[PDB]
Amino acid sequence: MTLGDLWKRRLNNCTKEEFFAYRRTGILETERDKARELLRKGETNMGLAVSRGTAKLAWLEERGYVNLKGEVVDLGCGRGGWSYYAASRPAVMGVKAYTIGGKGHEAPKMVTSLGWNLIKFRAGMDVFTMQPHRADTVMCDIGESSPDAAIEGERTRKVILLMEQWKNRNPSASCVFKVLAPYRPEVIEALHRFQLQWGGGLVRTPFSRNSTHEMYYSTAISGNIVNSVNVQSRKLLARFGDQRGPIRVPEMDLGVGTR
């Protein structure tokens, strides 16, 4: 059993009030009150982020931890926060975005955020059985949270396998992907194999709630995986009991228009 496994157990042991206080303590949280209502009312002329994913990917890019360029694929795009972010980047030439949709899953949000015309959305697509194609940048933000850490580990393992499939098709592609449960043993093993062949490393974004152990893998960074994970597990365990609130920051606004 790992420190991350214990983090999951203590998280599940929280009351509802404890859970709500814990998940937000010390995290950056974008102010979405305006964006939420524009989406609710059916407004399409908006560059405010369609989800909390936009600021996460923007932080990775702005830190230089990811390179978004060329033909981008967004595997598991959901509402599209990463697809709209990539499409707004001048170095990006096109985005092909895929998501399963269906009951209890987000469909793409359709807005005029800058470069929307360069995104081709496909809902109803399972990326785990879809053949890879040419891409310069491969993005994947899949990993559905569960109270069962073993299920989270298996979900994470499937994402890593998918990224190996896309690297087999595109050995030179930049890759950025969510690792939902980095502490599970089959995940560490899979990340070690990925890093051995393709380089890269893990990083925690400051927008990630303490209720998820998610870390992002990118081929553009480095670092010992086991140490990266254990540092993060210890930090999450130490935050149980902190009552400080989140740090509220403005939401990303990418502007609107075609590219």
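For the two forms, the rigid core is made up of the largest set of C-alpha atoms that agree within 1.5 Å on superposition. Quick note: we count residues from 1 along the sequence shown, nothing fancier.
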127-135 against 103-111 - segment lying farther from this form in 8 other deposited structures of this protein (CA RMS, rigid core fit):
103-111
Mind pulling up the entry and telling me whether 22-30 or 50-58 has the higher mean Cα temperature factor?
22-30
On mean Cα temperature factor in this entry, is 69-77 or 124-132 the higher one?
124-132
Per the coordinate record, which of the options 108, 147, 171, 182 holds the highest CA temperature factor?
147
So among 102, 94, 143, 153, who wins on Cα B-factor in the entry?
102
Taking the chain's C-alpha temperature factors as the reference, tell me which third residue 206 falls into: lowest, middle or highest.
lowest
If you rank every modelled residue in this chain by C-alpha B factor, which third holds residue 196: lowest, middle or highest?
middle
Can you work out whether the C-alpha temperature factor of residue 230 puts it in the lowest, middle or highest third of the chain?
highest
Cα B factor band for residue 224 (lowest, middle or highest third within the chain):
highest
When the deposited Cα B-factors of this chain's modelled residues are ordered and cut into thirds, is residue 44 in the lowest, the middle or the highest one?
lowest
